[PDB]
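Novice: Next up, start.txt (compact mmCIF, C-alpha atoms and all ligand atoms).
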# COMPACT_ATOMS: atom_id res chain seq x y z
CA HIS S 4 0.00 0.00 0.00
CA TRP S 5 0.83 3.70 0.03
CA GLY S 6 3.29 5.49 2.27
CA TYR S 7 6.04 8.10 2.20
CA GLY S 8 9.13 6.15 1.12
CA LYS S 9 10.86 6.17 -2.24
CA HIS S 10 8.87 3.16 -3.40
CA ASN S 11 5.36 4.04 -2.21
CA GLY S 12 5.44 7.79 -1.59
CA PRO S 13 3.67 10.80 -3.10
CA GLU S 14 5.14 10.29 -6.60
CA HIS S 15 3.56 6.82 -6.79
CA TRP S 16 0.10 7.58 -5.36
CA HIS S 17 -1.47 8.53 -8.71
CA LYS S 18 -1.24 4.92 -9.95
CA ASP S 19 -3.87 3.79 -7.43
CA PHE S 20 -5.50 7.18 -6.73
CA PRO S 21 -5.67 9.00 -10.09
CA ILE S 22 -7.26 12.05 -8.46
CA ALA S 23 -3.72 12.74 -7.22
CA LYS S 24 -3.37 14.69 -10.51
CA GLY S 25 -6.75 16.39 -10.07
CA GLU S 26 -7.89 19.99 -10.24
CA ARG S 27 -8.00 20.84 -6.53
CA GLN S 28 -5.30 18.86 -4.78
CA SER S 29 -3.66 19.75 -1.47
CA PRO S 30 -1.40 20.93 -0.02
CA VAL S 31 -0.40 24.07 -1.95
CA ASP S 32 2.11 26.83 -1.57
CA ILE S 33 0.46 29.93 -0.10
CA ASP S 34 1.80 32.95 -1.99
CA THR S 35 1.09 35.59 0.62
CA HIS S 36 1.40 38.48 -1.83
CA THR S 37 -1.15 37.04 -4.27
CA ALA S 38 -3.61 35.97 -1.54
CA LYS S 39 -6.41 38.54 -1.39
CA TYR S 40 -8.41 39.81 1.58
CA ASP S 41 -12.01 38.60 1.22
CA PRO S 42 -14.61 40.83 2.89
CA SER S 43 -17.30 38.18 2.34
CA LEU S 44 -15.70 35.86 4.90
CA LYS S 45 -17.73 35.78 8.11
CA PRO S 46 -16.06 35.67 11.53
CA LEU S 47 -14.46 32.27 12.19
CA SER S 48 -15.75 30.37 15.24
CA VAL S 49 -13.65 27.60 16.75
CA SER S 50 -15.94 26.20 19.48
CA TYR S 51 -14.08 23.41 21.27
CA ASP S 52 -15.22 23.96 24.89
CA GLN S 53 -17.24 20.70 25.04
CA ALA S 54 -14.79 18.53 23.08
CA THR S 55 -14.65 14.86 24.09
CA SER S 56 -11.35 13.24 23.14
CA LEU S 57 -11.37 9.45 23.25
CA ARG S 58 -8.31 7.68 21.93
CA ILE S 59 -4.95 8.08 20.21
CA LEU S 60 -4.02 5.71 17.37
CA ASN S 61 -0.82 5.05 15.38
CA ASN S 62 -2.27 4.24 11.95
CA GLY S 63 1.06 3.64 10.22
CA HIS S 64 1.06 7.08 8.58
CA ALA S 65 0.66 9.45 11.55
CA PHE S 66 -1.03 9.38 14.94
CA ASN S 67 -4.68 10.44 15.26
CA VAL S 68 -6.34 11.85 18.37
CA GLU S 69 -10.00 10.87 17.98
CA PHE S 70 -13.09 12.66 19.30
CA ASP S 71 -16.70 11.78 20.02
CA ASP S 72 -18.53 13.20 17.01
CA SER S 73 -21.95 11.71 17.91
CA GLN S 74 -23.33 15.14 18.90
CA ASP S 75 -22.51 18.79 18.28
CA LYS S 76 -19.67 19.34 20.73
CA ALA S 77 -16.37 20.62 19.31
CA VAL S 78 -17.36 22.43 16.11
CA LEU S 79 -15.97 24.83 13.51
CA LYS S 80 -18.24 27.42 11.87
CA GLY S 81 -18.07 30.77 10.13
CA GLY S 82 -15.29 32.04 7.93
CA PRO S 83 -15.78 30.46 4.50
CA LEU S 84 -18.02 27.73 5.89
CA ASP S 85 -21.73 27.22 5.26
CA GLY S 86 -23.13 25.45 8.32
CA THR S 87 -21.57 23.42 11.11
CA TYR S 88 -18.54 21.16 10.93
CA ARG S 89 -17.86 18.66 13.69
CA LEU S 90 -14.36 17.77 14.91
CA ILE S 91 -13.57 14.08 14.38
CA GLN S 92 -9.77 13.83 14.78
CA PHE S 93 -6.51 15.69 14.66
CA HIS S 94 -3.07 14.58 13.52
CA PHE S 95 0.26 16.05 12.44
CA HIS S 96 2.75 15.84 9.58
CA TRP S 97 6.43 16.37 10.37
CA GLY S 98 9.96 16.08 9.09
CA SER S 99 13.19 14.24 9.80
CA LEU S 100 14.82 17.66 10.46
CA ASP S 101 13.39 21.00 11.63
CA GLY S 102 13.73 22.53 8.13
CA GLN S 103 10.95 20.42 6.63
CA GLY S 104 7.74 18.71 7.66
CA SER S 105 4.83 20.98 6.81
CA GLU S 106 2.50 20.20 3.91
CA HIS S 107 1.41 23.73 3.11
CA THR S 108 4.24 26.21 2.59
CA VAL S 109 4.20 29.99 2.99
CA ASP S 110 6.05 31.79 0.19
CA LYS S 111 7.77 28.41 -0.31
CA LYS S 112 8.91 28.28 3.38
CA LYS S 113 8.57 24.86 4.97
CA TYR S 114 7.76 24.66 8.67
CA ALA S 115 8.89 21.83 10.99
CA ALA S 116 5.41 20.33 11.21
CA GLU S 117 1.73 20.97 10.55
CA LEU S 118 -1.33 20.15 12.68
CA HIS S 119 -4.61 19.21 10.96
CA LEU S 120 -7.88 19.43 12.90
CA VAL S 121 -10.38 17.51 10.74
CA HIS S 122 -14.09 18.33 10.71
CA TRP S 123 -17.09 17.06 8.72
CA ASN S 124 -20.19 18.94 7.59
CA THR S 125 -23.12 17.85 9.74
CA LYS S 127 -25.64 18.32 6.91
CA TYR S 128 -24.32 15.02 5.50
CA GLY S 129 -24.88 12.96 8.64
CA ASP S 130 -21.62 10.98 8.78
CA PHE S 131 -17.99 11.39 7.75
CA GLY S 132 -18.37 8.72 5.07
CA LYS S 133 -21.20 10.58 3.36
CA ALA S 134 -19.38 13.88 3.83
CA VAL S 135 -16.42 12.60 1.74
CA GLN S 136 -18.80 12.18 -1.18
CA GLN S 137 -19.51 15.94 -1.19
CA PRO S 138 -17.57 18.95 -2.50
CA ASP S 139 -18.09 20.75 0.83
CA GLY S 140 -17.96 17.70 3.06
CA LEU S 141 -14.89 18.53 5.16
CA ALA S 142 -13.10 21.47 6.74
CA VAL S 143 -9.50 21.10 7.91
CA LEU S 144 -7.97 23.71 10.20
CA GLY S 145 -4.22 23.69 9.56
CA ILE S 146 -1.68 25.13 12.01
CA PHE S 147 2.05 25.39 11.40
CA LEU S 148 4.62 24.34 14.00
CA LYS S 149 8.00 26.04 14.35
CA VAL S 150 10.68 25.00 16.81
CA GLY S 151 11.35 27.33 19.72
CA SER S 152 9.67 27.42 23.11
CA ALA S 153 7.67 24.41 24.28
CA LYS S 154 3.91 24.24 23.72
CA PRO S 155 2.49 23.18 27.10
CA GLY S 156 -0.78 21.97 25.60
CA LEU S 157 1.12 19.56 23.35
CA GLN S 158 3.01 17.82 26.14
CA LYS S 159 0.27 15.31 27.02
CA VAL S 160 0.37 14.16 23.38
CA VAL S 161 4.16 13.85 23.41
CA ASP S 162 4.23 11.84 26.62
CA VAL S 163 1.75 9.21 25.38
CA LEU S 164 3.65 8.45 22.14
CA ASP S 165 5.89 5.80 23.74
CA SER S 166 2.71 3.72 24.27
CA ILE S 167 1.71 3.83 20.57
CA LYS S 168 5.13 3.40 18.98
CA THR S 169 4.07 1.04 16.18
CA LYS S 170 1.32 0.78 13.62
CA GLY S 171 -1.92 -0.54 15.05
CA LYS S 172 -1.34 0.51 18.65
CA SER S 173 -3.80 2.77 20.46
CA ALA S 174 -4.25 4.21 23.94
CA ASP S 175 -6.95 5.95 25.91
CA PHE S 176 -6.71 9.71 25.44
CA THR S 177 -9.70 11.14 27.28
CA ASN S 178 -9.97 14.64 28.74
CA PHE S 179 -7.61 16.32 26.28
CA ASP S 180 -8.35 19.96 25.40
CA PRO S 181 -7.46 20.73 21.76
CA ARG S 182 -7.75 24.46 22.51
CA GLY S 183 -4.24 24.23 23.94
CA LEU S 184 -2.86 23.61 20.43
CA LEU S 185 -4.02 26.92 18.91
CA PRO S 186 -2.00 30.13 18.46
CA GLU S 187 -3.33 33.45 19.76
CA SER S 188 -4.55 34.78 16.41
CA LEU S 189 -7.17 33.23 14.15
CA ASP S 190 -6.02 35.13 11.05
CA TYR S 191 -6.12 32.62 8.19
CA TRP S 192 -5.90 31.79 4.52
CA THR S 193 -8.55 29.61 2.86
CA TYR S 194 -8.96 27.72 -0.39
CA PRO S 195 -10.76 24.62 -1.73
CA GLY S 196 -8.68 21.44 -1.81
CA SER S 197 -8.36 17.81 -0.94
CA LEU S 198 -7.23 15.25 1.58
CA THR S 199 -3.42 15.21 1.56
CA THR S 200 -3.25 11.41 1.92
CA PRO S 201 -4.89 8.69 -0.18
CA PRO S 202 -7.71 8.59 -1.12
CA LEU S 203 -6.93 12.29 -1.88
CA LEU S 204 -10.63 13.16 -2.10
CA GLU S 205 -11.53 16.69 -3.23
CA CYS S 206 -13.90 17.47 -0.37
CA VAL S 207 -12.00 19.93 1.83
CA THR S 208 -12.33 23.60 2.62
CA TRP S 209 -8.84 24.38 3.95
CA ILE S 210 -8.42 27.02 6.65
CA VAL S 211 -4.72 27.56 7.35
CA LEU S 212 -3.80 29.82 10.26
CA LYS S 213 -1.15 32.46 9.59
CA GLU S 214 0.40 32.40 13.07
CA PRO S 215 2.47 29.26 13.80
CA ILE S 216 2.61 27.68 17.19
CA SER S 217 6.00 27.17 18.79
CA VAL S 218 6.96 23.72 20.03
CA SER S 219 10.26 22.68 21.55
CA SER S 220 12.94 20.67 19.81
CA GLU S 221 12.39 17.95 22.41
CA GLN S 222 8.66 17.77 21.60
CA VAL S 223 9.19 17.26 17.85
CA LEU S 224 12.09 14.85 18.48
CA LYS S 225 9.59 12.60 20.23
CA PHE S 226 7.29 12.63 17.18
CA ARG S 227 10.28 11.32 15.22
CA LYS S 228 10.68 8.28 17.51
CA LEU S 229 7.39 6.81 16.31
CA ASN S 230 7.43 3.95 13.79
CA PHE S 231 5.63 3.48 10.47
CA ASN S 232 5.96 -0.29 10.88
CA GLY S 233 4.12 -2.69 13.13
CA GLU S 234 5.41 -4.42 16.22
CA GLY S 235 8.09 -6.98 15.50
CA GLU S 236 8.80 -5.63 11.99
CA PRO S 237 11.94 -3.80 10.86
CA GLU S 238 11.99 -0.34 12.39
CA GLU S 239 11.14 2.51 10.00
CA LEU S 240 11.07 5.84 11.78
CA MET S 241 7.86 7.81 11.23
CA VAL S 242 9.41 10.94 9.72
CA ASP S 243 8.78 12.97 6.57
CA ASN S 244 5.10 11.98 6.47
CA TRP S 245 4.20 15.08 4.39
CA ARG S 246 3.01 15.48 0.81
CA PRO S 247 4.72 18.29 -1.14
CA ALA S 248 2.82 21.25 -2.56
CA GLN S 249 0.62 20.52 -5.57
CA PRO S 250 -0.37 22.74 -8.51
CA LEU S 251 -2.76 25.55 -7.64
CA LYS S 252 -4.59 25.28 -10.98
CA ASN S 253 -7.87 27.25 -11.15
CA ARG S 254 -7.89 28.43 -7.52
CA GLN S 255 -7.41 31.58 -5.49
CA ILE S 256 -6.31 31.73 -1.87
CA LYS S 257 -8.32 34.20 0.20
CA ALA S 258 -7.17 35.93 3.37
CA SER S 259 -9.29 36.75 6.41
CA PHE S 260 -7.17 39.80 7.21
CA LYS S 261 -6.59 43.10 5.48
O1 LIG U 1 -10.82 17.82 29.45
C1 LIG U 1 -10.67 18.47 28.19
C2 LIG U 1 -11.82 19.42 27.96
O2 LIG U 1 -13.01 18.60 27.91
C3 LIG U 1 -14.20 19.34 27.64
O3 LIG U 1 -15.27 18.47 27.55
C4 LIG U 1 -14.43 20.34 28.77
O4 LIG U 1 -15.62 21.09 28.54
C5 LIG U 1 -13.23 21.27 28.88
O5 LIG U 1 -13.41 22.16 29.97
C6 LIG U 1 -11.96 20.45 29.08
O6 LIG U 1 -10.82 21.31 29.08
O1 LIG U 2 -13.87 39.92 -11.60
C1 LIG U 2 -13.28 40.46 -10.42
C2 LIG U 2 -13.15 39.41 -9.36
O2 LIG U 2 -12.16 38.46 -9.81
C3 LIG U 2 -12.07 37.32 -8.98
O3 LIG U 2 -11.11 36.47 -9.51
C4 LIG U 2 -11.66 37.72 -7.56
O4 LIG U 2 -11.73 36.60 -6.70
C5 LIG U 2 -12.57 38.80 -7.01
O5 LIG U 2 -12.09 39.26 -5.75
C6 LIG U 2 -12.73 39.95 -8.00
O6 LIG U 2 -13.72 40.87 -7.53
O1 LIG U 3 -5.77 14.17 28.22
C1 LIG U 3 -5.05 13.13 27.57
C2 LIG U 3 -4.33 12.22 28.54
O2 LIG U 3 -3.31 13.00 29.18
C3 LIG U 3 -2.51 12.26 30.08
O3 LIG U 3 -1.94 11.17 29.42
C4 LIG U 3 -3.37 11.73 31.21
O4 LIG U 3 -2.57 10.93 32.06
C5 LIG U 3 -4.50 10.88 30.65
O5 LIG U 3 -5.39 10.51 31.69
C6 LIG U 3 -5.27 11.65 29.60
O6 LIG U 3 -6.18 10.76 28.97
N1 LIG U 4 0.02 3.81 -5.61
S1 LIG U 4 0.55 3.43 -4.16
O1 LIG U 4 -0.58 3.06 -3.37
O2 LIG U 4 1.39 4.48 -3.72
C1 LIG U 4 1.53 1.96 -4.32
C2 LIG U 4 2.86 2.08 -4.67
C3 LIG U 4 3.64 0.94 -4.81
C4 LIG U 4 3.05 -0.28 -4.58
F1 LIG U 4 3.82 -1.40 -4.71
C5 LIG U 4 1.74 -0.42 -4.23
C6 LIG U 4 0.96 0.71 -4.11
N1 LIG U 5 -4.20 15.17 5.99
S1 LIG U 5 -5.70 15.63 5.84
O1 LIG U 5 -5.96 16.15 4.54
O2 LIG U 5 -6.07 16.45 6.98
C1 LIG U 5 -6.73 14.19 6.00
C2 LIG U 5 -7.85 14.24 6.82
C3 LIG U 5 -8.69 13.14 6.90
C4 LIG U 5 -8.40 12.04 6.15
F1 LIG U 5 -9.23 10.97 6.21
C5 LIG U 5 -7.31 11.96 5.33
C6 LIG U 5 -6.46 13.06 5.25
ZN ZN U 6 -3.16 15.85 7.51
Please express what this file holds, its structure, as structure tokens.
Ligand SMILES: OC[C@H]1O[C@@H](O)[C@H](O)[C@@H](O)[C@@H]1O
Ligand SMILES: OC[C@H]1O[C@@H](O)[C@H](O)[C@@H](O)[C@@H]1O
Ligand SMILES: OC[C@H]1O[C@H](O)[C@H](O)[C@@H](O)[C@@H]1O
Ligand SMILES: NS(=O)(=O)c1ccc(F)cc1
Ligand SMILES: NS(=O)(=O)c1ccc(F)cc1
Ligand SMILES: [Zn+2]
Specialist:
Amino acid sequence: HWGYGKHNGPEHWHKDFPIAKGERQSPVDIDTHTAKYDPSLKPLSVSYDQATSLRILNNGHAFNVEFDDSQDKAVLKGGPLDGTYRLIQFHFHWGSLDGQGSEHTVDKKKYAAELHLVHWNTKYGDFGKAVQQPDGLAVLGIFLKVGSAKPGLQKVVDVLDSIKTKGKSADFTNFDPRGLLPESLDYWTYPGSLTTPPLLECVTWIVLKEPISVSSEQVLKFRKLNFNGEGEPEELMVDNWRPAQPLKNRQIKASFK
């Protein structure tokens, strides 16, 4: 199956997922000079006060922190979005070195990592139906740079030793995703896709302009995870990012003047 190595990485995905060469693939480079302020964007509302985290899972590609999405609890609304989008999971992409790891780039700059908070449009009833729709998903993307530690990330870091290999999971209740946000909600937005197979073109991307800072020690612990399963040859889970894809017939809009 697909992965990030030389033999199954992003340059091979199109052979099983032909939409990889589609018209609104993600990630993209965000040219900050060409991005235009959009006065039609409504205020963005990140409403995570009642979030119910459940579990953390190494899926062989990243680790997911999963949420109860059986009711309207942690939701994302406003901005470019029509209606209510429910948080289902978050995960990260990161590099082998601090100079790479993000999926989106900003004027071609690569950050050390990128956080994706994944939400589905409640009008479609379930995530599976949402990924059949052009406006089925909204992903809130947040860049990570290396500097001071992010206190709200530390609980994640300290559980990773218990999910080292593909297929392992652990309880992860009572985690507040609000501790992963920067101060500002200024953002760029554009229509795109999932950045992993099946690469479905269902996503409204909302990428925050302000990175969060994490410590070197925090990201070094991400890089101790394994792509492989228990008992298999160790393959460090690093460089699990897709490079920027062609913008094609899209514009990136900014929430800020
Ligand atoms: O425990 C993590 C979070 O869970 C939510 O359900 C609560 O409303 C928050 O106050 C809390 O920070
Ligand atoms: O025709 C003019 C319009 O062109 C579009 O490509 C831009 O997104 C709009 O902001 C602009 O008003
Ligand atoms: O909040 C996420 C997790 O953080 C820490 O690991 C706590 O020990 C655990 O009880 C909790 O589930
Ligand atoms: N197309 S892909 O899923 O990346 C893939 C690449 C190489 C394989 F051997 C099998 C699958
Ligand atoms: N990496 S991402 O675009 O946020 C993504 C989110 C949900 C998926 F099911 C697959 C990929
Ligand atoms: Zn992602």
Novice: Considering only C-alpha atoms, return as a JSON list (two decimals) with C-alpha atoms, keeping the file's coordinate frame whatever protein or nucleic-acid residues lie within 12 Å of residue 181 (chain S), sequence-local ones (same chain, fewer than 4 positions apart) excluded.
Specialist:
[["chain", "number", "residue", "atom", "x", "y", "z"],
["S", 49, "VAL", "CA", -13.65, 27.60, 16.75],
["S", 50, "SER", "CA", -15.94, 26.20, 19.48],
["S", 51, "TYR", "CA", -14.08, 23.41, 21.27],
["S", 52, "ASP", "CA", -15.22, 23.96, 24.89],
["S", 53, "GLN", "CA", -17.24, 20.70, 25.04],
["S", 54, "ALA", "CA", -14.79, 18.53, 23.08],
["S", 55, "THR", "CA", -14.65, 14.86, 24.09],
["S", 56, "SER", "CA", -11.35, 13.24, 23.14],
["S", 68, "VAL", "CA", -6.34, 11.85, 18.37],
["S", 69, "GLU", "CA", -10.00, 10.87, 17.98],
["S", 70, "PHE", "CA", -13.09, 12.66, 19.30],
["S", 77, "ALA", "CA", -16.37, 20.62, 19.31],
["S", 78, "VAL", "CA", -17.36, 22.43, 16.11],
["S", 90, "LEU", "CA", -14.36, 17.77, 14.91],
["S", 91, "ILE", "CA", -13.57, 14.08, 14.38],
["S", 92, "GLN", "CA", -9.77, 13.83, 14.78],
["S", 93, "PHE", "CA", -6.51, 15.69, 14.66],
["S", 94, "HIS", "CA", -3.07, 14.58, 13.52],
["S", 118, "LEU", "CA", -1.33, 20.15, 12.68],
["S", 119, "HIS", "CA", -4.61, 19.21, 10.96],
["S", 120, "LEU", "CA", -7.88, 19.43, 12.90],
["S", 121, "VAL", "CA", -10.38, 17.51, 10.74],
["S", 144, "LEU", "CA", -7.97, 23.71, 10.20],
["S", 155, "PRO", "CA", 2.49, 23.18, 27.10],
["S", 156, "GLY", "CA", -0.78, 21.97, 25.60],
["S", 157, "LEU", "CA", 1.12, 19.56, 23.35],
["S", 158, "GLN", "CA", 3.01, 17.82, 26.14],
["S", 159, "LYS", "CA", 0.27, 15.31, 27.02],
["S", 160, "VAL", "CA", 0.37, 14.16, 23.38],
["S", 176, "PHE", "CA", -6.71, 9.71, 25.44],
["S", 177, "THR", "CA", -9.70, 11.14, 27.28],
["S", 185, "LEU", "CA", -4.02, 26.92, 18.91],
["S", 186, "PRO", "CA", -2.00, 30.13, 18.46]]
Novice: Could you please determine the separation between CA of residue 183 (chain S) and atom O1 of ligand LIG 1 (chain U) in Å, to one decimal place?
Specialist: 10.7 Å
Novice: Neighbouring residues of ligand ZN 6 (chain U) are defined here as those with any atom at most 10 Å from a ligand atom, counting all atoms listed in the file; list them as a list in words.
Specialist: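 Every residue with an atom at most 10 Å from ligand ZN 6 (chain U) is listed here: residues 29, 30, 64, 65, 67, 93, 94, 95, 96, 105, 106, 117, 118, 119, 120, 121, 143, 144, 145, 198, 199, 200, 244, 245 and 246 of chain S.
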Novice: When you count all atoms listed in the file, which of these residues is closest to ligand LIG 3 (chain U): S:166, S:197, S:230, S:249?
Specialist: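 Using all atoms listed in the file, ligand LIG 3 (chain U) sits closest to S:166.
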Novice: Go through S:226, S:88, S:16, S:179 one by one, measure the shortest atom-to-atom distance of each to ligand LIG 1 (chain U) using all atoms listed in the file, and give the residue with the smallest value.
Specialist: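 Selected residue with least distance to ligand LIG 1 (chain U): S:179.
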Novice: How far is it from CA of residue 193 (chain S) to CA of residue 256 (chain S), in Å with one decimal?
Specialist: 5.6 Å
Novice: Might you pull out every residue within 10 Å of residue 21 (chain S), with all atoms listed in the file counted and same-chain residues fewer than 5 positions away left off, and present them as an MDAnalysis selection string?
Specialist: chainID S and resid 16 201:203
Novice: Write the selection just made, keeping C-alpha atoms, as a short mmCIF file (atom, residue, chain, number, x, y, z; two decimals), in the frame of the given file?
Specialist:
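Okay, this is what ended up in selection_26.cif:
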data_model
loop_
_atom_site.label_atom_id
_atom_site.label_comp_id
_atom_site.auth_asym_id
_atom_site.auth_seq_id
_atom_site.Cartn_x
_atom_site.Cartn_y
_atom_site.Cartn_z
CA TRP S 16 0.10 7.58 -5.36
CA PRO S 201 -4.89 8.69 -0.18
CA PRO S 202 -7.71 8.59 -1.12
CA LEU S 203 -6.93 12.29 -1.88
#
Novice: Measuring between only C-alpha atoms and all ligand atoms, which one of S:38, S:31, S:184, S:109 shows the shortest distance to ligand LIG 1 (chain U)?
Specialist: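 Looking only at the distances to ligand LIG 1 (chain U), the closest residue turns out to be S:184.
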Novice: Give me, as a VMD selection string, the set of residues whose atoms come within 8 Å of any atom of ligand LIG 4 (chain U), counting only C-alpha atoms and all ligand atoms.
Specialist: chain S and resid 4 to 6 10 to 20 201
Novice: Report the distance between CA of residue 220 (chain S) and CA of residue 150 (chain S) in Å, rounded to one decimal place.
Specialist: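 Between CA of residue 220 (chain S) and CA of residue 150 (chain S) the gap works out to 5.7 Å.
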Novice: Starting from the point (8.8, 15.1, 18.7), work out which residues of protein, DNA or RNA have an atom no more than 10 Å away when counting only C-alpha atoms; state them as a list in words.
Specialist: residues 97, 98, 99, 116, 158, 160, 161, 162, 164, 218, 219, 220, 221, 222, 223, 224, 225, 226, 227, 228, 229 and 242 of chain S
Novice: Quick one: of S:101, S:214, S:110, S:205, who's nearest to ligand LIG 5 (chain U), counting all atoms listed in the file?
Specialist: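 Residue with the minimum atom-to-atom distance to ligand LIG 5 (chain U): S:205.
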